[PDB]
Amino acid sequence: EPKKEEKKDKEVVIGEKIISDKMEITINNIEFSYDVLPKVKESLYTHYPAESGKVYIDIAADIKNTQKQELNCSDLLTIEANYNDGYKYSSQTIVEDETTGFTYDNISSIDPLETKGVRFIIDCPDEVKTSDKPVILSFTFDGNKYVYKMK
């Protein structure tokens, strides 16, 4: 008999805090996008336009570091989009910046008790948006699986 495990997935609720002993994650927006634009774009800004025939899944979140030590933005979620039962695409993290629009996750950190905006972006073929076929988002955070039925 193979080794089985018993598990229960948690539903992602937009605007609801997800908490661990290290951080608080609030997912504020989940949408398809052909151009991932930063929240603040006062002068020259970085943005992520989708390549022809592609679409982004743009997941916007607030991350509050609740530790006494700095939190690296490379240590955040990896979100998987599971399209039409098995066609899988994984996210990249970008960080909101008041000066340059965005920065990459590798050069940025969150101070103790600071909240920073981030984007988890998933590069998909365009049919992930335009078909009627399902999209399930998921991630593992602090020992639990989180799921979101996008369509």
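Quick note: we count residues from 1 along the sequence shown, nothing fancier.
Higher mean CA temperature factor, per the PDB entry, when comparing 48-56 with 98-106: 98-106. Stretches 80-88 and 35-43 differ in mean C-alpha B factor, with the higher average recorded for 35-43. When the modelled residues of the chain are ordered by C-alpha B-factor, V12 sits in the middle third. Ranked by Cα temperature factor within the chain, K129 sits in the lowest third according to the deposited record. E70: CA B factor lies in the highest third for its chain, per the PDB record. Compared with the other modelled residues of the chain, the Cα B-factor recorded for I25 ranks in the middle third.
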